[PDB]
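To be precise, the following lines are run-v1.tsv, and they hold TSV, C-alpha atoms.
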```tsv
chain	number	residue	atom	x	y	z
K	96	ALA	CA	-13.84	3.53	22.28
K	97	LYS	CA	-11.84	4.51	19.25
K	98	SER	CA	-9.69	2.54	16.86
K	99	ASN	CA	-6.25	2.65	18.43
K	100	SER	CA	-5.50	-0.64	16.79
K	101	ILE	CA	-6.31	-1.88	13.30
K	102	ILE	CA	-9.04	-4.43	13.49
K	103	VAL	CA	-8.44	-7.24	11.08
K	104	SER	CA	-10.83	-9.98	10.18
K	105	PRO	CA	-9.41	-13.49	11.21
K	106	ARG	CA	-10.14	-14.72	7.72
K	107	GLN	CA	-7.15	-12.72	6.49
K	108	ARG	CA	-4.89	-14.24	9.16
K	109	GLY	CA	-1.94	-15.98	7.62
K	110	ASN	CA	-1.21	-13.40	4.99
K	111	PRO	CA	2.47	-12.18	4.70
K	112	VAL	CA	1.51	-8.62	5.30
K	113	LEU	CA	0.10	-9.36	8.78
K	114	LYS	CA	3.10	-11.58	9.41
K	115	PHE	CA	5.38	-8.54	9.32
K	116	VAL	CA	2.84	-5.84	10.23
K	117	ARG	CA	3.96	-4.55	13.58
K	118	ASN	CA	4.43	-0.78	13.51
K	119	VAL	CA	0.87	-0.17	14.36
K	120	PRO	CA	-1.12	-2.19	16.90
K	121	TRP	CA	-3.66	-4.47	15.30
K	122	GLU	CA	-5.90	-7.30	16.36
K	123	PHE	CA	-8.55	-9.59	14.98
K	124	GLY	CA	-12.21	-9.00	15.64
K	125	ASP	CA	-13.96	-9.73	12.30
K	126	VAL	CA	-15.11	-6.62	10.62
K	127	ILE	CA	-16.98	-5.86	7.41
K	128	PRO	CA	-13.76	-4.47	5.69
K	129	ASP	CA	-10.36	-6.12	5.70
K	130	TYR	CA	-8.52	-3.67	7.85
K	131	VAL	CA	-10.41	-1.08	9.74
K	132	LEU	CA	-8.27	1.91	10.64
K	133	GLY	CA	-11.04	3.89	12.15
K	134	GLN	CA	-14.76	3.67	12.84
K	135	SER	CA	-15.45	5.57	9.62
K	136	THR	CA	-12.23	4.73	7.78
K	137	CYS	CA	-11.60	1.29	6.34
K	138	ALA	CA	-9.11	-0.39	4.05
K	139	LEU	CA	-9.81	-3.35	1.85
K	140	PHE	CA	-7.39	-5.92	0.78
K	141	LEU	CA	-7.81	-7.24	-2.63
K	142	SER	CA	-5.31	-9.44	-4.25
K	143	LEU	CA	-5.38	-8.85	-7.93
K	144	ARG	CA	-4.69	-12.54	-8.52
K	145	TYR	CA	-7.64	-13.33	-6.29
K	146	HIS	CA	-9.89	-10.84	-8.19
K	147	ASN	CA	-8.56	-12.40	-11.33
K	148	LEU	CA	-10.00	-15.72	-10.07
K	149	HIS	CA	-13.04	-14.25	-8.18
K	150	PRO	CA	-14.08	-10.71	-9.26
K	151	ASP	CA	-17.36	-10.74	-7.30
K	152	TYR	CA	-15.55	-10.84	-3.89
K	153	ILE	CA	-14.46	-7.24	-4.13
K	154	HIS	CA	-17.76	-5.96	-5.55
K	155	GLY	CA	-19.78	-7.32	-2.64
K	156	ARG	CA	-17.11	-6.02	-0.27
K	157	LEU	CA	-17.60	-2.49	-1.70
K	158	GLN	CA	-21.44	-2.80	-1.63
K	159	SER	CA	-21.25	-3.58	2.06
K	160	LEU	CA	-19.03	-0.56	2.83
K	161	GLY	CA	-21.32	1.59	0.74
K	162	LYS	CA	-23.53	2.23	3.68
K	163	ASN	CA	-21.35	1.11	6.60
K	164	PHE	CA	-18.31	3.30	6.18
K	165	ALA	CA	-17.44	6.73	5.02
K	166	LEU	CA	-13.83	6.63	3.92
K	167	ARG	CA	-13.04	3.48	2.07
K	168	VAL	CA	-9.51	2.72	0.80
K	169	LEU	CA	-9.00	-0.18	-1.57
K	170	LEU	CA	-5.59	-1.70	-1.42
K	171	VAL	CA	-4.84	-3.93	-4.36
K	172	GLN	CA	-1.97	-6.32	-4.40
K	173	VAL	CA	-0.37	-7.16	-7.70
K	174	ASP	CA	0.61	-10.78	-8.30
K	175	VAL	CA	0.31	-11.25	-12.06
K	176	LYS	CA	2.67	-10.13	-14.81
K	177	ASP	CA	-0.10	-8.43	-16.79
K	178	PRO	CA	-2.33	-6.85	-14.13
K	179	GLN	CA	-3.40	-3.95	-16.34
K	180	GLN	CA	-6.81	-5.37	-17.20
K	181	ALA	CA	-7.74	-5.92	-13.61
K	182	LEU	CA	-6.31	-2.55	-12.61
K	183	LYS	CA	-8.48	-0.86	-15.19
K	184	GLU	CA	-11.64	-2.44	-13.79
K	185	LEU	CA	-10.53	-1.93	-10.21
K	186	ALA	CA	-9.75	1.76	-10.84
K	187	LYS	CA	-13.02	2.40	-12.56
K	188	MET	CA	-15.11	0.66	-10.00
K	189	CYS	CA	-13.32	2.78	-7.41
K	190	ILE	CA	-14.72	5.80	-9.23
K	191	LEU	CA	-18.25	4.38	-8.97
K	192	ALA	CA	-17.95	3.09	-5.40
K	193	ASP	CA	-15.99	6.13	-4.18
K	194	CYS	CA	-13.04	4.31	-2.86
K	195	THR	CA	-9.42	5.26	-3.02
K	196	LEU	CA	-7.46	2.85	-5.18
K	197	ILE	CA	-4.05	2.02	-3.78
K	198	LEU	CA	-1.69	-0.19	-5.64
K	199	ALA	CA	0.82	-2.52	-4.02
K	200	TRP	CA	3.51	-4.50	-5.76
K	201	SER	CA	4.01	-6.73	-2.75
K	202	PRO	CA	2.66	-7.55	0.76
K	203	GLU	CA	5.47	-5.23	1.86
K	204	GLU	CA	3.98	-2.23	0.04
K	205	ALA	CA	0.64	-3.18	1.50
K	206	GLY	CA	1.99	-3.47	5.02
K	207	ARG	CA	3.98	-0.26	4.97
K	208	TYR	CA	0.95	1.56	3.62
K	209	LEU	CA	-1.40	0.19	6.29
K	210	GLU	CA	1.03	0.92	9.06
K	211	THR	CA	1.88	4.41	7.89
K	212	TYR	CA	-1.78	5.18	7.15
K	213	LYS	CA	-3.02	4.31	10.63
K	214	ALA	CA	0.09	5.76	12.33
K	215	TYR	CA	-0.80	9.12	10.83
K	216	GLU	CA	-4.61	8.65	10.45
K	217	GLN	CA	-4.25	11.05	7.59
K	218	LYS	CA	-6.73	10.64	4.74
K	219	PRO	CA	-5.06	9.76	1.44
```

Is it possible to give me this structure as C-alpha cells?
Amino acid sequence: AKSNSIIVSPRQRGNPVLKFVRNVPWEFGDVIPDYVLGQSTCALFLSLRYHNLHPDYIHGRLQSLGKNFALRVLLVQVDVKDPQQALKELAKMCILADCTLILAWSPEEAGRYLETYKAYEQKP
C-alpha cells in the first residue's frame, strides 16, 4: 500500500551498501530508480567511477524520473581521486533535472544516508 520498505532493483544486488544495509527494511522488486523510499520519493545510485566510464546511464535515469517521480535524490558515490570534474557535471545536471545531489565517500556513507532517509522519511 505504501513504501514501508525500500524497493531496490535486483540489478543493484551485490553492491556493498546493500550488503550492510539493514536498519530499514528493503526488498527487490525492480523499480525505475535505484532505491525507492516512497511512491513519490526516489533515490538514485550513481557511482562516480561508473559515470566516469558511462555518463549516459545517469542522464537516462533522470529522464525517466522526470515524469515518474516527484522527489528525486541523487546519491553519488566517489571512487576516484579527482572526482571534481564529474561532481561539477553531476551537480549542474541536478540543477536542470531538479534532483538533490548527495555525495558519498563510500558505500557506508551511501548506506547510512539511505537508511536514515527512509527511517525518517524527511525530505532533504

TODO: Mind checking which residues fall within 9 Å of residue K:166, counting all atoms listed in the file, ignoring those fewer than 4 positions away in the same chain, and posting them as a list in words?
DONE: residues 135, 136, 137, 138, 160, 193, 194, 195 and 218 of chain K

TODO: Check the smallest atom-to-atom distance from each of K:143, K:192, K:157, K:132 to residue K:99 using only C-alpha atoms, then report the winner.
DONE: K:132

TODO: State, in Å with one decimal place, the distance from atom CA of residue K:185 to atom CA of residue K:103.
DONE: 22.0 Å

Task: Residue with smallest distance to residue K:203 - pool K:219, K:133, K:161, K:111, counting all atoms listed in the file - done: K:111

- [ ] Tell me which of K:207, K:187, K:156, K:149 sits closest to residue K:126, counting all atoms listed in the file.
- [x] K:156

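Here the question is which of K:211, K:217, K:201, K:179 gets nearest to residue K:110 using all atoms listed in the file, and that residue is K:201.
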
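Closest approach to residue K:175 among K:144, K:159, K:191, K:204: K:144, based on only C-alpha atoms.
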
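Note that the spacing between atom CA of residue K:121 and atom CA of residue K:196 amounts to 22.1 Å.
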
Open item on the list: Neighbouring residues of residue K:146 were defined as those with any atom within 12 Å, considering only C-alpha atoms; residues of the same chain fewer than 4 positions away were excluded. Please report them as a PyMOL selection string.
Closed with: chain K and resi 140-142+150-156+171-175+178+180-182+184-185

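Using only C-alpha atoms, the nearest neighbour of residue K:212 within the list K:170, K:108, K:124, K:115 is K:170.
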
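Atom CA of residue K:169 is found 10.6 Å from atom CA of residue K:205.
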
Save N, CA and C atoms of stretch 180-219 of chain K from the block above as a short mmCIF file (atom, residue, chain, number, x, y, z; two decimals), in the first residue's frame.
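Saved as selection.cif:
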```
data_model
loop_
_atom_site.label_atom_id
_atom_site.label_comp_id
_atom_site.auth_asym_id
_atom_site.auth_seq_id
_atom_site.Cartn_x
_atom_site.Cartn_y
_atom_site.Cartn_z
N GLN K 180 35.62 16.87 -11.53
CA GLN K 180 35.05 17.14 -12.85
C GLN K 180 33.68 16.52 -12.98
N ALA K 181 33.56 15.30 -12.50
CA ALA K 181 32.31 14.59 -12.55
C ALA K 181 31.32 15.25 -11.62
N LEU K 182 31.78 15.64 -10.43
CA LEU K 182 30.92 16.30 -9.45
C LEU K 182 30.34 17.58 -9.98
N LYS K 183 31.13 18.32 -10.74
CA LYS K 183 30.68 19.55 -11.35
C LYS K 183 29.48 19.26 -12.27
N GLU K 184 29.66 18.30 -13.16
CA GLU K 184 28.63 17.95 -14.12
C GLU K 184 27.42 17.32 -13.44
N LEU K 185 27.66 16.54 -12.42
CA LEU K 185 26.59 15.90 -11.69
C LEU K 185 25.77 16.95 -10.93
N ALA K 186 26.44 17.91 -10.33
CA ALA K 186 25.78 18.97 -9.57
C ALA K 186 24.92 19.83 -10.48
N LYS K 187 25.49 20.22 -11.59
CA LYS K 187 24.81 21.06 -12.53
C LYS K 187 23.61 20.40 -13.16
N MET K 188 23.73 19.15 -13.50
CA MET K 188 22.65 18.44 -14.10
C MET K 188 21.52 18.29 -13.09
N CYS K 189 21.90 18.17 -11.81
CA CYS K 189 20.94 18.13 -10.72
C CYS K 189 20.11 19.39 -10.69
N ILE K 190 20.72 20.52 -11.03
CA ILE K 190 20.01 21.80 -11.10
C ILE K 190 18.91 21.70 -12.18
N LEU K 191 19.32 21.19 -13.33
CA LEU K 191 18.47 21.10 -14.51
C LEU K 191 17.36 20.04 -14.35
N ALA K 192 17.69 18.94 -13.71
CA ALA K 192 16.77 17.81 -13.57
C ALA K 192 15.99 17.86 -12.27
N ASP K 193 16.30 18.85 -11.45
CA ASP K 193 15.69 19.05 -10.13
C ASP K 193 15.80 17.84 -9.25
N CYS K 194 17.01 17.47 -8.98
CA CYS K 194 17.29 16.37 -8.12
C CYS K 194 18.29 16.81 -7.08
N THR K 195 18.15 16.30 -5.90
CA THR K 195 19.04 16.63 -4.83
C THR K 195 20.33 15.84 -4.97
N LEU K 196 21.45 16.52 -5.04
CA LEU K 196 22.73 15.87 -5.15
C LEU K 196 23.24 15.54 -3.75
N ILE K 197 23.55 14.30 -3.54
CA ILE K 197 24.09 13.82 -2.29
C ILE K 197 25.41 13.17 -2.60
N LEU K 198 26.41 13.47 -1.83
CA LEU K 198 27.72 12.96 -2.09
C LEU K 198 28.08 11.91 -1.03
N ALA K 199 28.73 10.84 -1.45
CA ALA K 199 29.11 9.78 -0.57
C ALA K 199 30.53 9.39 -0.85
N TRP K 200 31.32 9.28 0.18
CA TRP K 200 32.73 8.96 0.04
C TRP K 200 32.96 7.46 0.16
N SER K 201 31.89 6.72 0.34
CA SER K 201 31.97 5.29 0.50
C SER K 201 30.57 4.69 0.39
N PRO K 202 30.46 3.34 0.23
CA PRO K 202 29.17 2.65 0.30
C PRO K 202 28.55 2.82 1.68
N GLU K 203 29.39 3.07 2.68
CA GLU K 203 28.97 3.28 4.05
C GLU K 203 28.14 4.55 4.15
N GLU K 204 28.69 5.64 3.60
CA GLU K 204 28.00 6.95 3.59
C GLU K 204 26.68 6.83 2.85
N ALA K 205 26.70 6.06 1.78
CA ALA K 205 25.53 5.82 0.98
C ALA K 205 24.48 5.05 1.78
N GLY K 206 24.92 3.99 2.46
CA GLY K 206 24.02 3.15 3.22
C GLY K 206 23.41 3.87 4.38
N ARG K 207 24.23 4.58 5.14
CA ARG K 207 23.74 5.32 6.30
C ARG K 207 22.74 6.38 5.88
N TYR K 208 22.99 7.00 4.73
CA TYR K 208 22.11 8.02 4.22
C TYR K 208 20.76 7.43 3.83
N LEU K 209 20.78 6.32 3.11
CA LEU K 209 19.56 5.66 2.66
C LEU K 209 18.72 5.22 3.83
N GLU K 210 19.37 4.57 4.78
CA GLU K 210 18.72 4.08 5.96
C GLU K 210 18.13 5.23 6.78
N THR K 211 18.92 6.25 7.04
CA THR K 211 18.43 7.34 7.85
C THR K 211 17.35 8.15 7.11
N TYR K 212 17.44 8.21 5.79
CA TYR K 212 16.49 8.96 5.00
C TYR K 212 15.12 8.30 5.05
N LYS K 213 15.07 6.99 4.86
CA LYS K 213 13.79 6.28 4.85
C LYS K 213 13.28 6.09 6.29
N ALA K 214 14.17 5.99 7.26
CA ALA K 214 13.75 5.83 8.66
C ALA K 214 12.97 7.06 9.12
N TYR K 215 13.38 8.21 8.63
CA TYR K 215 12.74 9.46 8.96
C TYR K 215 11.63 9.81 7.97
N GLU K 216 11.92 9.59 6.68
CA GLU K 216 11.04 9.94 5.53
C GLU K 216 10.97 11.44 5.37
N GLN K 217 11.97 12.09 5.91
CA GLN K 217 12.11 13.51 5.90
C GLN K 217 12.76 13.91 4.59
N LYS K 218 12.20 14.89 3.90
CA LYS K 218 12.83 15.39 2.68
C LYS K 218 14.15 16.07 3.04
N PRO K 219 15.13 16.03 2.14
CA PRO K 219 16.44 16.55 2.42
C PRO K 219 16.52 18.05 2.16
#
```
